[PDB]
Every structure is written in structure tokens, then in C-alpha cells.
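Chemist: In order, the protein sequence lines correspond to chains O, U, B, M, V and R.
Under PDB author numbering, think of the first position of the first sequence as 61, with each following residue one higher.
The second sequence maps to residues 2 to 47, 241 to 286 in PDB author numbering.
The third sequence maps to residues 50 to 76, 84 to 138, 147 to 151, 163 to 196 in PDB author numbering.
The fourth sequence maps to residues 174 to 218, 234 to 326 in PDB author numbering.
The fifth sequence maps to residues 5 to 88, 104 to 119 in PDB author numbering.
The sixth sequence maps to residues 251 to 280, 294 to 350 in PDB author numbering.
Cβ coordinates follow ideal geometry from the N, Cα and C atoms, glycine included.
The structure that follows is given in the form of C-alpha cells.
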Amino acid sequence: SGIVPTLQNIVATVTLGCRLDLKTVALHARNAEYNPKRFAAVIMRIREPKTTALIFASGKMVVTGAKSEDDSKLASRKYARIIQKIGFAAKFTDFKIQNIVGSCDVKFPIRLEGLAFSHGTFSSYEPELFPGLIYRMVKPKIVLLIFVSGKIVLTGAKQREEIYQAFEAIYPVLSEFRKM
Amino acid sequence: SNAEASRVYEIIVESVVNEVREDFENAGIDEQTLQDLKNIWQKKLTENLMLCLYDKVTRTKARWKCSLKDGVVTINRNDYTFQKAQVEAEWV
Amino acid sequence: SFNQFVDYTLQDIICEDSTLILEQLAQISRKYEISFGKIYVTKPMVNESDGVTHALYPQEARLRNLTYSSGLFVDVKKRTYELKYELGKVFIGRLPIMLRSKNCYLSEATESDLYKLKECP
Amino acid sequence: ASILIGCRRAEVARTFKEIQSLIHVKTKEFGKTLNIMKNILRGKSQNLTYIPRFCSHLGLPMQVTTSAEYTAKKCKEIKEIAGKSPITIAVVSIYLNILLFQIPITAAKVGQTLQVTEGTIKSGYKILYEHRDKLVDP
Amino acid sequence: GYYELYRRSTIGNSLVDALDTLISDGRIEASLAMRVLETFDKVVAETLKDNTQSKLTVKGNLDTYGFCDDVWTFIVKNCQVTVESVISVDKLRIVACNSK
Amino acid sequence: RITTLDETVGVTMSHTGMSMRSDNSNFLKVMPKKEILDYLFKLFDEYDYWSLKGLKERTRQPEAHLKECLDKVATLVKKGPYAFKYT
């Protein structure tokens with residue numbers, strides 16, 4: 061083994077605790093996108109860290125696009141600092157990471173048909189609809205995407221230890237259904 | 002330097018004077034006053243800003259592309275008029 | 050009688066009452089029309105369970121408990137009127172074919188050919 | 174989805190574009206309803237069949253059908269590309285087995301009859317022509 | 005209809021200074037200058053819609069972007085513009116409205 | 251006489267049922296409350312009797328706010344010749 065999954069996305073939610081008006085916010089702000097006819101929320105982006113936050117009128121904000129936890133928390137504090145800079149009485153509270161997405165490579169082809177036949181109660185393989193395999197692990201409750209080239213995707217986790225335990229619990233099964 | 006901009010300016014002056022002449026006759030001021038508007042206007046005619247309309251603005255990761263149609267651009271004390279334009283900008 | 054039925058009676062029945070029109074109302085009137093033209097008959101055939109369709113012989117028809125029939129198609133024409149302003164080979168069903176008829180394969184067969192198809196002359 | 178399930182249970186092969194051509198189910202919601210329906214069936218407790241069907245759509249002899257059968261199995265054993273949905277593997281397999289003989293259909297007619305992209309049957313015909321070595325039955 | 009952003013151009017500000025010159029320095033009747041501004045918007049709209057053949061190409065670093073009331077506003081730093104000549108621009112501001 | 255199609259059958263039989271080919275032929279294919300209140304009183308100035316659906320087709324805006332604006336200043340008649348109409 062020796063392969064460690066690398067995080068790719070982290071989705072967290074931050075509650076500011078106030079209320080907004082969207083023409084004034086979209087008029088006085090710098091880097092932001094707003095359009096009520098498509099999405100009733102301002103899409104604010106920052107450079108460092110390179111993230112994306114969806115800001116709603118009810119004060120709820122969604123900071124997503126970070127590669128680590130410190131970048132999501134610090135980026136969330138930067139968005140909250142921008143909101144406090146605009147002219148509202150916001151407060152950085154209720155920071156809870158909602159999703160963690162990672163990926164890795166096993167460096168050998170994987171038999172998806174035999175994996176879908178043996179683990180039929182946890183897999184859902186339809187090549188004409190999606191060439192990858194959707195493995196729903198019980199403990200921990202992680203949704204894994206197992207492709208042919210060996211790239212393993214992991215989503216549906218609240219912590220990193222769930223991703224690591226998911227990969228450590230899926231590695232022998234992948235080593236069983238190998239080819240070369 | 003561009004002669005097309007001067008031709009457009011002349012069409013704008015002549016068309017504006019001809020279409021405004023009616024409202025000048027309705028007010029009852031003077032025809033030589035409108036002639037003074039053309040002479041003073043052309044006499045006055047003798241910060242990098244683009245004015246136009248967009249058709250599609252797409253974004254991929256940090257790459258922005260914009261399709262622009264019909265506009266005038268002021269760049270380095272030089273004016274330009276375009277029918278189409280493509281913007282390929284990169285955001286940090 | 051069967052050959053004359055297949056030759057003329059099919060075209061007569063199809064042509065005697067092929068036209069049907071739908072009357073559509075909107076508030084501007086509209087209409088639609090479907091009419092059947094020259095009907096087409098096939099040679100005897102069999103479509104199996106897996107989906108393959110091949111030629112049928114009366115011997116294999118008796119051995120496999122099948123129905124000696126042939127496919128029937130119809131040139132279905134559709135039109136849309138908007147009110148006289150005007151802006163497909165569909166399978167209709169199988170028809171059992173009598174033996175020794177102009178549609179069956181055995182009518183043109185010779186003696187030795189009938190011995191090859193395992194049919195007594 | 175019930176028709177497709179009854180098709181998968183009876184060892185029959187019907188592509189998603191066929192039932193989709195019959196009923197407009199918008200594909201995505203069809204896939205979700207088929208998935209949760211499969212979960213219902215699992216809670217109440234194979235591309236080879238497509239070859240003779242498309243060979244029937246083209247009207248090919250039996251030797252080309254079984255030749256595309258051996259070609260389909262061998263191509264399933266060789267790996268590389270693996271599949272990219274089995275339909276394209278079927279159409280490029282029949283395309284190679286028909287370019288081995290002399291019956292002419294070209295790529296446009298077989299692409300408009302079987303509803304497959306010409307660039308896809310040529311993209312698969314490239315690597316397939318690269319693996320032409322071990323696909324010969326006799 | 006007919007947006008009033010074209011008034012911010014060089015010829016637009018020239019016409020605004022000319023009308024305000026006729027109203028301030030002389031006794032030219034007011035309100036009519038606004039009619040000259042509307043006719044100006046229509047003439048610039050149809051003229052730029054029918055009497056233009058150039059095609060530019062701006063490529064630079066996007067410094068700022070925004071959208072509000074069907075208004076796209078961009079600020080690009082160190083961008084090159086290609087006409088149909105290449106022109107280097109240190110800072111360029113773009114203001115566009117919806118064409119539909 | 252009737253013409254017999256001589257083809258390999260599998261082509262015609264493929265064109266019979268599902269053939270992955272559809273379409274190809276067109277046949278039988280078929294807000295501030297105060298401003299909304301002022302506009303509603305303007306429509307009342309045009310005509311006192313209007314159906315709520317027609318008002319929703321004239322004002323052109325989110326319909327919930329318009330319903331709330333109609334339930335305050337206008338009375339809904341359900342019967343009579345001006346049925347389903349605010350006055």
C-alpha cells in the first residue's frame with residue numbers, strides 16, 4: 061500500500077446572524093456575482109485561499125472550494141470580515157464542515173463487473189450510464205467512486221479519518237479484483 | 002486615426018440636426034439657432243473605457259470569456275468602434 | 050380465391066376507408089389527417105424470442121408449432137392543416172398464408188426442391 | 174424501468190436509447206427511478237446478447253455474428269478502454285468483423301442505422317486495428 | 005428602451021457639454037436637450053448596430069468583475085487589444116448591458 | 251398488384267419496433296407592496312372589474328405578493344357576472 065488519499069474539496073457553512081439587501085451589496089462590493097433570475101444569492105470569491113462562498117439574504121453563507129480545513133475556516137473568516145467591512149453587523153459563528161471530497165490512485169486496473177457481482181448489496185455499476193462504480197460503504201458511511209484506470213474518489217464524509225478509514229477499508233477489495 | 006469614426010460622426014451630426022429640426026420648429030426658436038448648434042457642436046468635436247453590450251459571459255475555474263457586440267472603446271486617447279469582441283481574461 | 054383476396058381485396062379494403070382526420074379547435085381552426093396507401097405483403101417469416109427474424113418453411117412451421125404467416129406493412133401518410149392551409164412504412168400485423176399460394180415459398184418450388192424442403196410432391 | 178427490469182431478468186438486451194425512443198422519460202429521472210427500483214428488488218430478497241440484434245439490424249450472415257461474438261469476448265479480455273459503454277464496443281466489433289470480409293456498408297450507413305457517431309467507431313477502429321493480431325478466430 | 009450608457013463616451017460627453025453650454029451660456033430652452041440625448045441614444049444604438057465592422061480581442065488579467073441589474077462591469081489590468104494592430108493597456112474598464 | 255418487399259427482413263423488422271430513431275417528423279408535437300398596490304389602483308382606474316388571473320397576466324411579477332396585495336385593498340367577488348374578480 062502506502063497510498064494516502066489527497067483532499068480535493070471541503071464544503072462548510074457559516075452563519076453570520078443578520079440580514080442583507082442584494083442590490084446595495086452587489087453595488088458596493090468588489091468581486092461578487094449576483095442574479096436573482098437564476099440564483100438568489102451572491103457568489104463571492106477570494107484569491108487567497110481560492111474559494112467560493114454563496115451568500116444569502118438570511119445571513120447564511122456556504123464556503124466551499126478549499127483543499128484543507130484551515131483554508132476553509134480562514135477563508136470563511138475572510139468572507140465574514142468582508143461582510144463586516146461592507147456595513148453589516150455580521151458575526152463568524154456556527155462553522156461546521158459539511159462535506160469532504162478526496163481522491164487517490166491505486167496504480168492497477170480494477171474489475172468493476174466482479175466487484176459489482178460480489179458486493180452487489182453496496183455497489184451500483186451501470187457502464188452505459190456511468191462508467192464508474194458507486195460503492196456505498198456502511199461503516200464509515202462513505203460514497204466511493206471506483207473507475208477502471210484505478211482513480212478512487214471518496215465523498216460524503218464529515219472528517220478526514222472517515223476518508224482514511226474508507227480507503228483502508230476499500231483497499232483490500234480493490235486488490236482482490238485486480239487485473240495486472 | 003480612423004476615417005470611419007469621422008464618417009460615423011458626420012452621419013450622427015447630420016441625422017441629429019435633421020431629426021431635431023422638427024422639434025426646433027415646434028418650439029419656435031430659430032433655424033439659425035440650430036445652425037449654431039451644428040457649428041458649435043462640430044467645433045467642440047473638432241480614460242480607457244469600453245461601452246457596449248454583452249451576449250454571453252462564461253467562467254471556467256478562473257478563466258472568463260465574454261462575447262461583446264456593438265461598442266465604442268477609448269484607449270490611449272484613441273477611439274474605436276467594434277461590432278464584435280471577445281474577452282479572454284484570467285482571475286487570480 | 051385466396052390469391053385474388055391477397056392481390057385485390059387487401060388494396061380494396063385499405064383504399065375504401067383509409068382517410069381519417071382529426072378536427073382541432075383553438076381560439084384559429086386546425087386539422088390533421090392520416091391516410092393509408094399501397095399496402096405491402098412480405099414472404100413468410102418468423103420472429104423468435106431473442107429477436108432474430110428468419111424465413112419460415114411449412115415443415116419447420118409444423119415442427120415448432122408456429123403460425124405460417126407473413127408480415128404486412130402500409131404506407132401511412134400524415135398531414136397537418138391549419147383551414148385548408150397544408151404545411163412511413165408501418166407494420167400493421169401478420170396474415171396467415173395458405174400453402175401452394177403465390178405468397179408461400181412452395182408454389183414456385185420444383186419436385187427436387189420439394190424433396191429438399193422435405194415436402195411431398 | 175419496469176420494462177427494462179423485465180428485460181434484464183429474461184436475459185434480453187434492450188438499450189437505453191430504445192426504451193427512451195419509446196417513452197420520453199428524460200434519462201436522468203429514469204436512471205434514478207431505475208436505481209431505487211433496483212434497490213427495491215434487492216430489498217425483496234452482458235453485451236454479448238446485443239451482437240445478434242444489431243447483426244439483425246444490418247442483415248449480416250451468421251459467420252459475421254459469431255465472429256463479432258468471439259471478437260466481443262476477446263476485446264472484453266484484452267482490456268484497454270475497457271468499454272466506454274458496451275454499445276460502442278459492439279458497433280466497432282461488428283465494424284471490424286465487417287471490414288474483414290467484403291460486404292460493404294461503410295461508416296456513414298452503419299452510423300446512421302445503429303445511431304452511433306462515426307468518430308467513435310473510427311476512434312475504436314484505430315485501437316481495434318491495433319489489437320487486430322489476437323482477434324483472428326481461424 | 006435605448007440605454008443611456010453611450011452618453012459616457014467621448015462624443016457623448018461632448019454633446020452633453022455642448023447642450024449644457026447652450027443652456028448655461030445662452031437662453032436655449034431646457035428639456036429639449038434631453039430629447040437630443042434620447043435621439044443621440046437611438047442614433048448611436050442603430051449606428052453602432054449597423055455601421056460597425058471591426059472585431060477586437062482583449063486578453064489580460066481580470067482584476068475586478070461584477071454584475072448588477074443586467075450590468076456586467078469588468079476591470080482588466082495589463083491587457084492586449086487586437087483590432088481586426105496590437106495595443107497594450109495598463110488598465111481597462113468595460114461596462115456592458117443585456118442585449119436581449 | 252401488391253408489391254412484395256424482397257429485403258433481408260431484419261432491416262424492415264428493425265424499422266418496425268424500437269430502432270433508436272425518434273422525432274425526424276413534426277406531427278402532433280405541440294417586490295415592494297406599496298408600488299404593487301399603486302399599480303393595482305391604476306388598473307382599477309382603467310377598469311374596476313378584473314380577474315385575479317388577468318391581473319397576474321398584466322402586472323408580470325411574483326404572484327404571491329400580488330395575491331397578498333389583492334387580499335388587502337380589494338374584495339373578491341366569487342359569484343354573479345363579475346365572478347372570481349376583485350373590486
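(1) Under the rule that 16 or more other beta-carbon atoms within 10 Å means buried, what is residue 264(U), buried or exposed?
(2) May I ask you to list, following chain order, the residues of the stretch 108-127 of chain B that have a beta carbon less than 7 Å from some beta carbon of chain R?
(3) If you drop the 5 nearest sequence neighbours on each side, which residues of the same chain put their C-beta closer than 6 Å to that of residue 281(U)?
(4) Just to confirm, are residue 274(U) and residue 9(V) a CB contact at a threshold of 8 Å?
(5) State buried or exposed for residue 111(B), treating a residue as buried only when at least 16 other CB atoms are found within 10 Å of its CB.
(6) On a Cα-Cα basis, can you pick out the residue from 256(R), 254(R) and 345(R) that is closest to residue 314(R)?
(7) Given a limit of 8 Å on CB to CB distance, which residues of the stretch 44-75 of chain V reach chain O?
(8) Hey, is the stretch 92-100 of chain O in contact with the stretch 69-81 of chain V, meaning 3+ C-beta pairs nearer than 8 Å?
(9) In terms of residue numbering, what span does the alpha helix (DSSP H) encompassing residue 19(U) cover?
(10) Does the separation of the CB atoms of residue 73(O) and residue 119(O) fall below 8 Å?
(11) So, for residue 340(R): in the same chain, excluding its five sequence neighbours on each side, which residues have a beta-carbon less than 8 Å away from its beta-carbon?
(12) Verify the CB distance criterion: does residue 107(O) have a CB-CB separation below 8 Å to chain U?
(13) Is residue 100(B) helix, strand or coil when you go by DSSP?
(14) Measuring straight from C-alpha to C-alpha, what distance separates residue 76(V) and residue 277(U)?
(15) What in chain O is Cβ-close to residue 286(U), meaning under 7 Å?
(16) Are residue 93(V) and residue 37(V) close, meaning C-beta to C-beta below 8 Å?
(17) For residue 240(M), collect the residues of the same chain with a Cβ closer than 7 Å to its Cβ; drop the 5 residues on either side in sequence, then sort them by chain order.
(18) Taking only the alpha-carbon atoms, compute the straight-line gap between residue 267(R) and residue 133(B) and give it to the nearest angstrom.
(19) Tell me which residue opens and which closes the beta strand (DSSP E) that residue 327(R) is part of.
(20) Count the other CB atoms, across all protein chains shown, that sit within 10 Å of the CB of residue 253(R); report buried if there are 16 or more and exposed otherwise.
(21) Could you work out which residues of chain M lie near residue 272(R), taking near to mean beta carbons separated by less than 7 Å?
(22) Once DSSP output is grouped into helix, strand and coil, what is the label at residue 179(O)?
(23) Run the CB neighbour count on residue 185(B), radius 10 Å, all protein chains shown included, and call it buried at 16 or more, exposed below.
(24) From the DSSP output, in three-state form, read off residue 274(U) for me.
(25) Along the chain, where does the beta strand (DSSP E) containing residue 277(R) start, and where does it finish?
(26) Using DSSP bridges, identify the partner residues of residue 12(V).
(27) Taking a Cβ distance cut-off of 8 Å, strictly less, list which residues of the stretch 87-98 of chain B are near chain R, in chain order.
(28) Counting Cβ pairs, one atom from each stretch, are 3 or more of them under 8 Å apart for the stretch 16-33 of chain U and the stretch 39-51 of chain V?
(29) Is it true that the CB of residue 101(O) sits closer than 8 Å to the CB of residue 114(O)?
Modeler: With the given structure in hand:
(1) buried
(2) 109
(3) 260
(4) no
(5) exposed
(6) 345(R)
(7) 68, 69, 70, 71, 72 and 73
(8) yes
(9) 4-28
(10) no
(11) 346, 347, 348, 349 and 350
(12) yes
(13) strand
(14) 18 Å
(15) 107
(16) Position 88 is followed directly by 104 in chain V, which means residue 93(V) is not present among the coordinates.
(17) 253
(18) 18 Å
(19) Residue 327(R) -> not in any beta strand (DSSP E); alpha helix (DSSP H) instead, spanning 326-336.
(20) exposed
(21) 194
(22) coil
(23) exposed
(24) strand
(25) Here residue 277(R) belongs to no beta strand (DSSP E), and DSSP marks it neither H nor E.
(26) According to DSSP, residue 12(V) bridges with nothing at all.
(27) 88, 94, 95, 96, 97 and 98
(28) yes
(29) yes
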